[PDB]
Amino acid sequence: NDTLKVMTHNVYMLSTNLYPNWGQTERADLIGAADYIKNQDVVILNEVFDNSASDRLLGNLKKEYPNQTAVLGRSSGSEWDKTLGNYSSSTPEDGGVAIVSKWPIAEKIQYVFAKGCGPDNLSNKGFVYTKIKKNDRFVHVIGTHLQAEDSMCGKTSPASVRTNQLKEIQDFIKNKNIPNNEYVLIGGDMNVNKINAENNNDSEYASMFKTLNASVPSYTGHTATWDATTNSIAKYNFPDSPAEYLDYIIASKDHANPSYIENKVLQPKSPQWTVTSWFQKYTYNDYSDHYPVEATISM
């Protein structure tokens, strides 16, 4: 139909071995049945860390999105066409990134970043590359989740680490020799804040597009993707943190340049769910502490 619909959503599914009461299992069902995640061509998921809940979610999304990748950094067998980067089978946690699609996935590649804040690789953070055949056309979708802000980051800063991670993504894209007439999208929680930096050509926000050689999309919908002022989980965790705009889906300019590409932030609310933590009961109506970003790409 000459329109590509891609969504990315950091679903906040921390391991239940470390965070027992965040309703991971129930939200796997709520998200899986949610209306906001339907009718897409491809969906990028971030933070699908908990093994049981993530597999449950993927299972719930199987009907509409039967073509799925394994979760970044959880395994390294034939389920991946290639396992690149600093992959380690002994990390305490996986990368929490996965891509599902209603269309056949021709190639699945996982790549683990060389570095992050801290000298050790304890989560195989990185990206997932997919070559997808969407109605007689091959599109390329890379899903990722970049280094978060960390008080401790050695002699380097979170921004410098993210730039290096973005560099690995771009270097991989160039090396792949993808036809320049096919669409190449990079999406996920970049942990790069757009708020108050959209007009600053020197902001980390501006550098993101330069490093990935990507174009800037048209922005619609809500004004933030991690908002403690409207999101129930974010409010619980960080009541006074200003809203931030951290999730994106952008296109490589070294390939097919979309005549139009939009990133819309949605604010879907989930059915009410409750958890008990330290003898105190809490109720929420959000699927995650992050809001999903829905992209419309004209092809």
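Note that residue numbering follows the sequence shown and begins at 1.
- Per the PDB record, of the two stretches 35-43 and 254-262, 254-262 carries the greater mean B-factor over its C-alpha atoms.
- With 1-9 and 288-296 compared on mean CA B-factor from the PDB entry, the stretch scoring higher is 1-9.
- Taking the deposited Cα B-factors for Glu93, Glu107, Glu149, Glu79, the highest one is held by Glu149.
- Note on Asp50, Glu64, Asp240, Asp29: the highest value goes to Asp240, judged by CA B factor as recorded.
- Among all modelled residues in its chain, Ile132 ranks in the middle third by Cα B-factor.
- The PDB entry assigns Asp189 a C-alpha temperature factor belonging to the lowest third of its chain's modelled residues.
- When the modelled residues of the chain are ordered by C-alpha B-factor, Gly126 sits in the lowest third.
- In this PDB entry, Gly73 carries a Cα temperature factor that places it within the lowest third of its chain's modelled residues.
- Split the chain's modelled residues into thirds by C-alpha temperature factor. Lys210 is in the highest one.
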